[PDB]
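Asks: I am attaching a structure below and will ask some questions about it afterwards.
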Amino acid sequence: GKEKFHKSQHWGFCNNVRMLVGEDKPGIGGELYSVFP
Amino acid sequence: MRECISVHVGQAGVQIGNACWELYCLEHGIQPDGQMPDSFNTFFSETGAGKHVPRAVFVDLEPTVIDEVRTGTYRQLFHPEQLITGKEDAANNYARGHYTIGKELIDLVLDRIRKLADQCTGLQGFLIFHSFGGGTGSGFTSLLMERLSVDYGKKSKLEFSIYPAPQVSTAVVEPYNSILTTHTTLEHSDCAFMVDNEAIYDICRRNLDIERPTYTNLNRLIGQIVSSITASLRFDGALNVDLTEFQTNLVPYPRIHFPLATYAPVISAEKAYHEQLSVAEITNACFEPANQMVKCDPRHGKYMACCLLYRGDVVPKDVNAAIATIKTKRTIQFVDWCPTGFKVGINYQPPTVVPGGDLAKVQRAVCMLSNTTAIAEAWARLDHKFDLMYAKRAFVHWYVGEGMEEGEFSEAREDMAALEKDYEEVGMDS
Amino acid sequence: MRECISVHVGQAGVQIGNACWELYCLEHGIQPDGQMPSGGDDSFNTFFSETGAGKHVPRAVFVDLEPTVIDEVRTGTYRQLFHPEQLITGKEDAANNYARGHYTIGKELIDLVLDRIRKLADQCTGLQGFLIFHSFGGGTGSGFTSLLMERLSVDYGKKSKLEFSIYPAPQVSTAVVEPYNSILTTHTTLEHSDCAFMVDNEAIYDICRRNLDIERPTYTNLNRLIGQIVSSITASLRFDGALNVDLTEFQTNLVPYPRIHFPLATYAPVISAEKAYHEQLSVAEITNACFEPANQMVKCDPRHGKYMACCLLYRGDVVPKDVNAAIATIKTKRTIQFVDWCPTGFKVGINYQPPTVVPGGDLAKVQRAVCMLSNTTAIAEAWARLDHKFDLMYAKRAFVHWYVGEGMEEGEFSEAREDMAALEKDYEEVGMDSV
Amino acid sequence: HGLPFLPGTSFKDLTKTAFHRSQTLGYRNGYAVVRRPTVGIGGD
Amino acid sequence: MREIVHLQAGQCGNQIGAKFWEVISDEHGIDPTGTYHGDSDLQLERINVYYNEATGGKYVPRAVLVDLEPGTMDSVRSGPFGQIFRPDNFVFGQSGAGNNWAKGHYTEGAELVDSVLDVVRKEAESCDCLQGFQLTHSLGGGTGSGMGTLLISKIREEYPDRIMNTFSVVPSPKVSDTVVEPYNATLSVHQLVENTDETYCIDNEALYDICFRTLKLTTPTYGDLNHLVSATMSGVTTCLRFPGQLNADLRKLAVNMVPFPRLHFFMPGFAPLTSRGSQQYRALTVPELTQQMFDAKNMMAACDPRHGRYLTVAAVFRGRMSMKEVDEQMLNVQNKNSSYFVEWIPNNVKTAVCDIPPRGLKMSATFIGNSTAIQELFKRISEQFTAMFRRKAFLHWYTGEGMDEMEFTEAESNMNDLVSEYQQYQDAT
Amino acid sequence: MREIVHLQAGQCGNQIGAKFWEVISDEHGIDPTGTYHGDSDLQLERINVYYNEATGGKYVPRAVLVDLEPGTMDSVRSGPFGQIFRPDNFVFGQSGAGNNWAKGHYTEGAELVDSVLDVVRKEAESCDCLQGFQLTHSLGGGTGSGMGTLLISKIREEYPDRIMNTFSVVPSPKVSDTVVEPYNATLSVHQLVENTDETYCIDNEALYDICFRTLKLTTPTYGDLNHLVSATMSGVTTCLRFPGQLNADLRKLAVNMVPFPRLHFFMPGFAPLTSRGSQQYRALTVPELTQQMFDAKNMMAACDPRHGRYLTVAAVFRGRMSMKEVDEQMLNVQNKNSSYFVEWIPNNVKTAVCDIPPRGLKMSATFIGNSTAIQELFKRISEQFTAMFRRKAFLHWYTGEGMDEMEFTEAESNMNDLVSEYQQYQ
Amino acid sequence: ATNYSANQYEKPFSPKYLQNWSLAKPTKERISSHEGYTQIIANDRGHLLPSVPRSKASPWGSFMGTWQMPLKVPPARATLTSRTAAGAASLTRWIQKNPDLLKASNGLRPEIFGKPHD
Ligand SMILES: Nc1nc2c(ncn2[C@@H]2O[C@H](COP(=O)(O)OP(=O)(O)OP(=O)(O)O)[C@@H](O)[C@H]2O)c(=O)[nH]1
Ligand SMILES: Nc1nc2c(ncn2[C@@H]2O[C@H](COP(=O)(O)OP(=O)(O)OP(=O)(O)O)[C@@H](O)[C@H]2O)c(=O)[nH]1
Ligand SMILES: Nc1nc2c(ncn2[C@@H]2O[C@H](COP(=O)(O)OP(=O)(O)O)[C@@H](O)[C@H]2O)c(=O)[nH]1
Ligand SMILES: Nc1nc2c(ncn2[C@@H]2O[C@H](COP(=O)(O)OP(=O)(O)O)[C@@H](O)[C@H]2O)c(=O)[nH]1
Ligand SMILES: [Mg+2]
Ligand SMILES: [Mg+2]
């Protein structure tokens, strides 16, 4: 964006094997269960 | 991924880390209860209740300054396990923080690091905050790196230290603590970014028109540095830099690992209107000896390793033209054995201003980290003060009685003399 | 580009700098809050700068050792224009001592002023040179302006360094120990200065009394007339003109010899509003007023000496033919004597833009204007009278314990007069015709 | 007024007062930049 | 049927490679998802050279991304064209490089060799007839200079008859972007000179002046610099993808570019690179393209070709053009400038003319110059490496993990032998 | 075909050449945006000599713009025809020349001479057959006099077989516009003697006398003084551009005007120039134009040809006129006063004509004359120079840039030899 | 460190073009070629080996501050023409009597371009 450049950590490790850890994560701030009040 | 464990020891580390973790929660959206109203996973650990817990440990041998954290705004944020309190303070003694009272508390700290080392997929390095002058700031800090080195070894280990002020001093037994903590941590630390107290007093007097600063202004200014050092592990940048990068580009020798910290856009809300803050005009202010935050002019020394960390609306060409202008200046002199001198770090994220602070919302910022020869006179003056005290045996019964041989004072002084011989033998040419 | 950096040192430099920088704002439309009520015009960058938000900050530095001359600027109508760090004050003044301005109190702020000039020079894409405003008589107006130039010669070298100096007037004077400062600040500036435009208060007093219809003029009237000169000097590179004149060309066309660099500045279309209604101001008619001895802004008769070089700067709707026909009549005139080794004598410069009045000032709306900067042999008798002032105080060693007692050897006085006593024969040698 | 371009056919406007020279040729961070001229002499 | 495998080592090669695949997908018509939305049918027959067909009509690039951390590949996929690479092609380690050629080549890069080469083989064994390999990295960092150079070594010991092409970013001459960069440059050159057939010397300073003097870009970024690199990499492979009246793939280009196996260091350039507001001041003809290729200040290597002699020059022209104009212009430059062209190779220019231009342009050409003035690059790093090896400057970060000083010693000899060979075939008659 | 590269340096050169590019665009129909908006096809056929084709029928000139300070270029670029020049052809410095030949030629001119000759090499081999060069400047300046002579030497060492021109503005006789004019003039002429094939000497005083006494002009600016210079430039280049009955290019003039390789300083003039209200009193015939050709007040050098003798004379005409009338008039002016012409050449005058006059005139001509009486221009500078040189008037601004004293003595000797060889044929 | 030249692109990074108008340190134009391995001149921890020759200068630097700077500072403009021989001697003597200033990093680079009368 303009004021928001948060780089999400898309990749990672679980069970000691290479992977995409997220599979639903934001990008540079924007996009690439029940709802309670 | 890219996790980083931060360690604070001493009352200096706690009060600096209070303003540090105020900034880290504010630039990631973390509300001061842990809840968020994946960049956080380098400093914060997300719990299965939605409460993001800091990846840090608050070790201090004195309970008084810790109970401010347990009572104030960040009570629910910090983990009661992950915060370790002492019983009695080290009382400005290296001996008490290293041998008598530090030994009964260090056995619980490394267990805390070990549970914190299991939740990190890849650990970039450690991050230790202390001050030279204190007892648990110098004694207990030494017990860390002796035990962290045997536990981890090749893991990166960066550290932040409050250097003793060159003209004022909070205590008298301070040169005893500073010489004794550098003798044992000279070979147990990868790099030691250094910062002073009287220099920031000058920075907070000239650059911003807030006369009479307190410690909160100093921790806020230090907190901007530590965020700028680790900004590239969390936000996208033009050319990214790691935490592991800082040890092999700023430390030429295993004895010379004391670089200097410098923040250039140190400006108030009333003066950002008066001047533009372009990359060329702020990088020239990094090398300006009035903007440096350790009281030693680098014009009287030599540069052997420099690091630049830009964050904001910066242009790589304007970065290139700025450094080439500094390379043409006769004020800046380098050594014969370092023809490169510089590395760059650029982040797209502009710095996040804290409300209630003093620095204005700047479009771009730069943090300057350089190892210089001018710190040799700072070591020379500090050893003078040690030599005036150790000549006729003074305050030594407060060290030798508390489980510590008096001959340590010797081999610390023998070491430190060679460290000055290490600084003039690196400046001479062929 | 074409940037210029102005240094105002002493009380005189600030008070002239107040009238200089108000006029530069009216020439560009920059309001006192530093906002232009408008990429359009970029003619301001020779004096002003930009911050992105439409703010123009002067490329000037204000240094003084007495705070209560700059503190008006910090709390005046231009308190938002100047950068606070560009206004520099000390704790104690130089107390009318060159020794305090050079050796003890002037050495205080010199590292901070050099630092500020570097930050100003780092913003300059093309730097024409340095302008320095002071008075020979002041403590810091003679001491600090001497220490600055030695440091500028070390740091900036052969960069053009021009001065606007308030000469001690030959009969009217303010201070008593003033002739001591004038000799000392002349001695250490000869090898460091490039050119020194000179003017004193008494000759402006007569011009303000006679040419303008103002009785009892103030220092504010003097500073505007000086400000009109510096504006007329620089506006060739500020504005479109037929003959462009730069700051570097002044040292070439007015300094023939390395140790004589003291021309005299005058501004001849200075007439009142009641008196401008009757006379016409043609190019030939206003350029003869540049050569009248009563209209000279330095109290010395040019008929007593010989002209070495002249620099005519025309400002307004001047026609180059009428400029040319006017100089030809002056050459045919016999009462003005030029030296044999300078058959040319004249450098002319023409700028299209008319002088804009300060609203409510003394100067009338002239359609065209001329500013003359001439190096004359007639300044030698000014040194001869200034020798009569310093020496008549030095034979009894009067007022030296204030100088020798603070950072300064007595042998300085025993070398700084002999060197400028050589100017007396330097001005004699250039005033003899070769047979 | 439609006259051919001859040396005697040059006439200036006397109502124009502002003569401001804009800097469309300058230097950025090492290069001689030549800007697109947006205004002429005097700000018009 | 004549496909090539793309390699991306280091964060410098990742942003260059991501911009490269964006340029190719724009040129071949591939959308950010992977399907085809191209207008002309000449964008389909030779997709195979770069992409692979996946079930669903989606084309997958034949590229592998290697780094010692996923830090820069977080930004690669967060970009516009990060959804086209397979997740299996992303290979990342655990801890960073530290600008250390040690960690990229001995300690940390060694655990990732078996994972990346397994990816390299499974692309190459799905190939009907593999043409070569193509790598982007930098000689200043740790992963690009250490891991990528090791990847060249392990690929070449398995596929010797195939060609190894790389586009290395050399360290800057004036302002260093890494304090410890002369070590990582010298250690990479010592193995680049032995295990590669084509290498391209790309320097950041030359891209900056190209962006200011010729492009007149007021505020350039790394997106523009990687685009100029990507236009060069697409130019050299155009005859693989598009038909032409005079075609030359990489091997036909490599055979007559290098006269000796150790002399394979080149200088890239782009011909029709013009500004925004001066498009109407310059005609777009054959004499204008050949001048801009042979103008000195259009190099991408920051080494002046007028300080040496051009051994061999390449000219991969793209666009419908008359061959007499191409041939007569190449003859003039060789004739007008005879002191900057060697006299023991009679012709020094290879000409290949394709038919399909880059989109948005009428005519284009790519310059590849094997000047003897690229020894200035090797002379400069050798002095720096001398200055840091004489007084042991940063050796303990390198010798403290397993390398011996003899490795740094033999890197000096071989690289200084390279300057000796360049000087020998510059003064020869 | 027969292209000319135009180069210009200095403030005086830039203002003259900007007006020169206005007269060329007016007669070739080039619009301020740089498009052909003319009437006839004999306006487009020989565009190549000055302009260059661009994309979409645009004509960019072949001018190279040199100065050490673009304050003059900023004035030119803000004019009505300032956008036709390519921005890449603008080469400029950062500091001023200072009216110093030493700065323009030795120290400050050295950092820009690499960039100028790159632009000159850009515009040299981009044309099929370069006819030659042309330089406009003033000898009294610092960068026109200093760098312009440096750019002349660098062109001559690479392109020595092509004619090069010099429209230098020589110092005025009675009033100087710069104090250090004799130093810059002596040092520039010494370069111009052995480095130029033709040189046209122009001063402001004769242009002032033409504007006052012959144009009846009340307010002459520099726009209409440079127009007189610009009309002469178009006159000599006319046969290069438009068809005529007797064509004569630059070198064909130079072959039979330069009798010895040293004598190439000419005198320009413009015959059809008339007064303010005197057009109705004027007959439109060749004899009245011919008597304004050789008339002394029409000269552009303020050196009276009655005091000397004509070595060679050139006469380029414009318009549809018969040539018996032109040839008879040139024979009568040689025969009526033969004391003003050298007796050792039977015909001192070359006749050249063209069929296309400039717009608004039915018949035009230009005068280019090599006379002996130009030696008093050099003596006047020399007597002014040696007056400043015996007392060492302004040498410390010249020797402070590394320049030695023997060059000044050398520059005096070359002018004094040029005076003596002019004096030989009189 | 040595300011290297990019050969063809040294011109845009010349000192005054980078807006540094202060006598800036020069750039190197040519570099030679070595012919093999270098020699370790200094052991670990940075000490120079005993055998090798050592330079004779301040290890720290040559910065001359505003208080250690000599009084009566010489000029940078030191032309000697139109000057008498005694005066030209005094100008030469003044510049040559302070060798500390002429060897400093923030020193005075003089230019004595001129010959006095005889
Ligand atoms: N900048 C900054 N420095 C601090 C702050 N708090 C303490 N210090 C530094 O630390 C000194 C106080 O003593 P410390 O060194 O912290 O004492 P300690 O480390 O807790 O050791 P002991 O109390 O003796 O057991 C002060 O003089 C400061 O220099 C702070 O909030 N900001
Ligand atoms: N023309 C003119 N001259 C002035 C003006 N103000 C002061 N002067 C002259 O300056 C001389 C005194 O020097 P100042 O600049 O005022 O004082 P200073 O430089 O601060 O010296 P110290 O206070 O002793 O350190 C007087 O003799 C005046 O002639 C002014 O406004 N106009
Ligand atoms: N062209 C280009 N060069 C880059 C980019 N990012 C980094 N570099 C270059 O890479 C060099 C440093 O290499 P480094 O980033 O440490 O490589 P790594 O350690 O393998 O990740 C610098 O000199 C940069 O010039 C980019 O996005 N584009
Ligand atoms: N004819 C003519 N002469 C000019 C013009 N502008 C300046 N001059 C002459 O040029 C001389 C000044 O030289 P100048 O161009 O300022 O030197 P420079 O600054 O080094 O280029 C003066 O004698 C003027 O008479 C002009 O537009 N036309
Ligand atoms: Mg405590
Ligand atoms: Mg005062």
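Chain lettering (A, B, ...) mirrors the order of the structure tokens, residue numbering begins at 1 for each chain separately, and ligand numbering begins at 1 in order of display.
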Just list as a list in words whatever in chain D DSSP marks as strand (DSSP E).
Replies: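 So, restricting chain D to strand (DSSP E), we get residues 25, 26, 27, 32, 33 and 34 of chain D.
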Asks: Using only C-alpha atoms, what does the table of chain E residues within 12 Å of chain A look like, with each row giving the shortest atom pair and its distance in Å to one decimal, sorted by chain and ascending number, as a Markdown table?
Replies:
```
| residue | atom | partner | partner_atom | distance |
| --- | --- | --- | --- | --- |
| E:32 | CA | A:32 | CA | 11.5 |
| E:33 | CA | A:32 | CA | 11.7 |
| E:69 | CA | A:12 | CA | 9.3 |
| E:70 | CA | A:11 | CA | 6.3 |
| E:71 | CA | A:9 | CA | 7.7 |
| E:72 | CA | A:7 | CA | 9.9 |
| E:73 | CA | A:11 | CA | 8.1 |
| E:74 | CA | A:10 | CA | 5.7 |
| E:75 | CA | A:7 | CA | 7.1 |
| E:76 | CA | A:27 | CA | 10.1 |
| E:77 | CA | A:27 | CA | 8.4 |
| E:78 | CA | A:27 | CA | 5.0 |
| E:79 | CA | A:27 | CA | 7.9 |
| E:80 | CA | A:32 | CA | 8.7 |
| E:81 | CA | A:32 | CA | 10.8 |
| E:82 | CA | A:32 | CA | 9.9 |
| E:83 | CA | A:32 | CA | 9.4 |
| E:86 | CA | A:20 | CA | 10.8 |
| E:87 | CA | A:20 | CA | 7.2 |
| E:88 | CA | A:19 | CA | 8.0 |
| E:89 | CA | A:19 | CA | 10.5 |
| E:90 | CA | A:19 | CA | 8.6 |
| E:91 | CA | A:18 | CA | 7.6 |
| E:92 | CA | A:18 | CA | 7.6 |
| E:93 | CA | A:18 | CA | 8.7 |
| E:94 | CA | A:12 | CA | 8.9 |
| E:95 | CA | A:12 | CA | 11.9 |
| E:112 | CA | A:18 | CA | 11.2 |
| E:115 | CA | A:18 | CA | 10.1 |
```
Asks: The selected residues should be written to file as a PDB file, in the first residue's frame (atoms: C-alpha atoms).
Replies:
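Written out: result.pdb:
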```
ATOM      1  CA  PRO E  32      -0.663 -13.714 -13.720  1.00  0.00           C
ATOM      2  CA  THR E  33      -2.534 -17.009 -13.112  1.00  0.00           C
ATOM      3  CA  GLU E  69      15.915 -18.370   3.792  1.00  0.00           C
ATOM      4  CA  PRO E  70      12.380 -17.773   2.462  1.00  0.00           C
ATOM      5  CA  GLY E  71      12.680 -14.095   3.365  1.00  0.00           C
ATOM      6  CA  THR E  72      12.900 -12.696  -0.153  1.00  0.00           C
ATOM      7  CA  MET E  73      10.613 -15.375  -1.594  1.00  0.00           C
ATOM      8  CA  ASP E  74       7.865 -14.065   0.661  1.00  0.00           C
ATOM      9  CA  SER E  75       8.051 -10.888  -1.433  1.00  0.00           C
ATOM     10  CA  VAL E  76       8.422 -12.832  -4.698  1.00  0.00           C
ATOM     11  CA  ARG E  77       5.074 -14.566  -4.260  1.00  0.00           C
ATOM     12  CA  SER E  78       3.435 -11.460  -2.784  1.00  0.00           C
ATOM     13  CA  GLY E  79       4.237  -9.735  -6.073  1.00  0.00           C
ATOM     14  CA  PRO E  80       2.080  -9.683  -9.186  1.00  0.00           C
ATOM     15  CA  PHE E  81       3.568 -12.813 -10.791  1.00  0.00           C
ATOM     16  CA  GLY E  82       4.265 -14.974  -7.750  1.00  0.00           C
ATOM     17  CA  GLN E  83       1.373 -17.342  -8.337  1.00  0.00           C
ATOM     18  CA  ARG E  86       5.211 -24.181  -8.341  1.00  0.00           C
ATOM     19  CA  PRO E  87       5.564 -24.312  -4.529  1.00  0.00           C
ATOM     20  CA  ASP E  88       7.792 -27.379  -4.966  1.00  0.00           C
ATOM     21  CA  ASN E  89      10.269 -25.223  -6.923  1.00  0.00           C
ATOM     22  CA  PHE E  90      10.735 -22.905  -3.911  1.00  0.00           C
ATOM     23  CA  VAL E  91      13.703 -24.235  -1.922  1.00  0.00           C
ATOM     24  CA  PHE E  92      14.648 -22.397   1.266  1.00  0.00           C
ATOM     25  CA  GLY E  93      16.918 -23.134   4.210  1.00  0.00           C
ATOM     26  CA  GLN E  94      16.718 -22.038   7.836  1.00  0.00           C
ATOM     27  CA  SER E  95      19.280 -19.343   8.604  1.00  0.00           C
ATOM     28  CA  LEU E 112      20.294 -27.741   0.299  1.00  0.00           C
ATOM     29  CA  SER E 115      16.984 -30.783  -2.579  1.00  0.00           C
TER      30      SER E 115
END
```
Asks: Let me see if you get this right: every residue at most 6 Å from ligand 4, counting only C-alpha atoms and all ligand atoms, written as a ChimeraX atom specification.
Replies: /C:243 /F:10-12,15-16,97,99,138,140-144,177,204,222,225-226
Asks: Write the residues of the preceding selection, restricted to C-alpha atoms, as a PDB file, in the first residue's frame.
Replies:
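After the write, again-v6.pdb holds the following:
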```pdb
ATOM      1  CA  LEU C 243      24.331  41.098 -20.835  1.00  0.00           C
TER       2      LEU C 243
ATOM      3  CA  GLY F  10      29.116  31.558 -25.010  1.00  0.00           C
ATOM      4  CA  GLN F  11      26.336  33.971 -24.155  1.00  0.00           C
ATOM      5  CA  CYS F  12      26.930  36.118 -27.242  1.00  0.00           C
ATOM      6  CA  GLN F  15      21.837  34.694 -28.481  1.00  0.00           C
ATOM      7  CA  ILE F  16      23.131  35.176 -32.035  1.00  0.00           C
ATOM      8  CA  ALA F  97      33.897  31.209 -17.013  1.00  0.00           C
ATOM      9  CA  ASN F  99      35.520  36.411 -18.568  1.00  0.00           C
ATOM     10  CA  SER F 138      32.540  36.621 -29.170  1.00  0.00           C
ATOM     11  CA  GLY F 140      35.842  39.354 -25.717  1.00  0.00           C
ATOM     12  CA  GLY F 141      34.235  36.710 -23.517  1.00  0.00           C
ATOM     13  CA  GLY F 142      35.484  33.914 -21.319  1.00  0.00           C
ATOM     14  CA  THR F 143      33.691  30.835 -22.637  1.00  0.00           C
ATOM     15  CA  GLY F 144      32.996  31.973 -26.192  1.00  0.00           C
ATOM     16  CA  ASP F 177      31.820  45.821 -22.783  1.00  0.00           C
ATOM     17  CA  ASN F 204      28.469  45.869 -32.113  1.00  0.00           C
ATOM     18  CA  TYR F 222      19.881  42.513 -29.206  1.00  0.00           C
ATOM     19  CA  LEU F 225      21.243  43.248 -33.915  1.00  0.00           C
ATOM     20  CA  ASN F 226      21.483  39.460 -34.092  1.00  0.00           C
TER      21      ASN F 226
END
```
Asks: Provide the CA of residue 126 in chain E to CA of residue 159 in chain E distance in Å, to one decimal place.
Replies: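 Pair CA of residue 126 in chain E / CA of residue 159 in chain E returns 14.9 Å.
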Asks: Distance limit 8 Å, reference ligand 5, atoms considered: only C-alpha atoms and all ligand atoms. Which residues make the cut? Give them as a list in words.
Replies: residues 10, 11, 60, 61, 62, 63, 64, 65, 89, 90, 91, 134, 135 and 136 of chain B
Asks: Go ahead and save the picked residues with N, CA, C and O atoms, as a CSV table (one decimal), in the first residue's frame.
Replies:
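Contents of the output file again.csv:
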```csv
chain,number,residue,atom,x,y,z
B,10,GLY,N,19.2,-6.2,33.6
B,10,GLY,CA,19.5,-4.9,34.3
B,10,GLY,C,18.2,-4.0,34.3
B,10,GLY,O,17.3,-4.2,33.5
B,11,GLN,N,18.2,-3.0,35.1
B,11,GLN,CA,17.2,-2.0,35.1
B,11,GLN,C,17.2,-1.2,33.9
B,11,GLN,O,16.2,-0.7,33.4
B,60,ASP,N,15.9,-9.6,35.4
B,60,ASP,CA,16.6,-8.6,36.2
B,60,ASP,C,16.7,-9.1,37.6
B,60,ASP,O,15.8,-9.8,38.1
B,61,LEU,N,17.8,-8.7,38.2
B,61,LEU,CA,18.1,-9.3,39.5
B,61,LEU,C,17.4,-8.5,40.6
B,61,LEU,O,17.4,-8.9,41.8
B,62,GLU,N,16.7,-7.4,40.3
B,62,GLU,CA,16.1,-6.5,41.2
B,62,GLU,C,14.6,-6.5,40.9
B,62,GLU,O,14.2,-6.4,39.8
B,63,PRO,N,13.7,-6.7,41.9
B,63,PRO,CA,12.3,-6.8,41.7
B,63,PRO,C,11.5,-5.5,41.4
B,63,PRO,O,10.4,-5.5,40.9
B,64,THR,N,12.1,-4.3,41.9
B,64,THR,CA,11.4,-3.1,41.9
B,64,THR,C,11.0,-2.5,40.6
B,64,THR,O,9.9,-2.1,40.4
B,65,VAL,N,12.0,-2.5,39.6
B,65,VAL,CA,11.6,-2.0,38.3
B,65,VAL,C,10.8,-2.9,37.5
B,65,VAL,O,10.1,-2.6,36.6
B,89,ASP,N,19.4,-7.1,44.7
B,89,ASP,CA,20.1,-6.5,43.6
B,89,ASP,C,21.6,-6.8,43.8
B,89,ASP,O,22.1,-7.2,44.8
B,90,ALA,N,22.3,-6.7,42.6
B,90,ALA,CA,23.8,-7.0,42.6
B,90,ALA,C,24.6,-5.9,43.3
B,90,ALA,O,25.8,-6.2,43.6
B,91,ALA,N,24.0,-4.8,43.6
B,91,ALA,CA,24.6,-3.6,44.3
B,91,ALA,C,25.9,-3.2,43.6
B,91,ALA,O,27.0,-3.2,44.2
B,134,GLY,N,26.2,-1.1,35.7
B,134,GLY,CA,25.5,-1.7,36.8
B,134,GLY,C,26.1,-3.0,37.2
B,134,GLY,O,27.1,-3.6,36.6
B,135,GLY,N,25.6,-3.6,38.3
B,135,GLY,CA,26.0,-4.8,38.8
B,135,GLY,C,25.5,-6.0,38.1
B,135,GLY,O,26.2,-6.8,37.5
B,136,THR,N,24.1,-6.1,38.0
B,136,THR,CA,23.5,-7.1,37.2
B,136,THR,C,23.5,-6.8,35.7
B,136,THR,O,23.3,-7.7,34.9
```
Asks: Counting only C-alpha atoms, what is within 10 Å of residue 420 in chain E, bar same-chain residues fewer than 4 positions away, as an mmCIF file with C-alpha atoms, in the first residue's frame?
Replies:
```cif
data_model
loop_
_atom_site.group_PDB
_atom_site.id
_atom_site.type_symbol
_atom_site.label_atom_id
_atom_site.label_comp_id
_atom_site.auth_asym_id
_atom_site.auth_seq_id
_atom_site.Cartn_x
_atom_site.Cartn_y
_atom_site.Cartn_z
ATOM 1 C CA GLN E 375 39.811 -6.898 -17.035
ATOM 2 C CA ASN E 414 43.533 -17.891 -11.305
ATOM 3 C CA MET E 415 41.834 -14.492 -11.416
ATOM 4 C CA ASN E 416 45.137 -12.704 -12.022
ATOM 5 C CA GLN E 424 47.862 -10.943 -23.981
ATOM 6 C CA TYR E 425 45.016 -10.969 -26.497
ATOM 7 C CA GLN E 426 44.806 -7.173 -26.542
ATOM 8 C CA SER G 33 47.978 -5.985 -12.441
ATOM 9 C CA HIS G 34 49.489 -8.375 -9.920
ATOM 10 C CA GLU G 35 50.875 -11.712 -11.104
#
```
Asks: Check every protein, DNA and RNA residue against ligand 2, keep those with an atom at most 8 Å away (counting only C-alpha atoms and all ligand atoms), and present them as a PyMOL selection string.
Replies: chain C and resi 9-16+64-66+93-97+101+134-142+166-169+173-175+178+199-201+204+219-220+222-223+226
Asks: Please determine, counting only C-alpha atoms, which residue among E:322, E:312, E:298, E:40 has the shortest atom-to-atom distance to chain G.
Replies: E:298
Asks: Could you produce a table of the residues of chain F lying within 7 Å of chain G, with the nearest pair of atoms per residue and their separation in Å rounded to one decimal, using only C-alpha atoms, ordered by chain and increasing residue number, as CSV?
Replies:
```
residue,atom,partner,partner_atom,distance
F:392,CA,G:82,CA,6.2
F:396,CA,G:81,CA,6.0
F:399,CA,G:114,CA,6.2
F:400,CA,G:113,CA,5.4
F:402,CA,G:113,CA,5.9
```
Asks: With a distance threshold of 6 Å and counting only C-alpha atoms, extract the residues of chain G near chain D and express them as JSON, numbers by chain.
Replies: {"G": [12, 13, 17, 18]}
Asks: Might you pull out every residue within 10 Å of range 21-36 of chain C, with only C-alpha atoms counted and same-chain residues fewer than 2 positions away left off, and present them as a ChimeraX atom specification?
Replies: /B:274 /C:14,16-19,38,41-44,47-48,50,53-58,60,76-82,224,227-228,230-231,235,238,353,355-359 /D:18,20
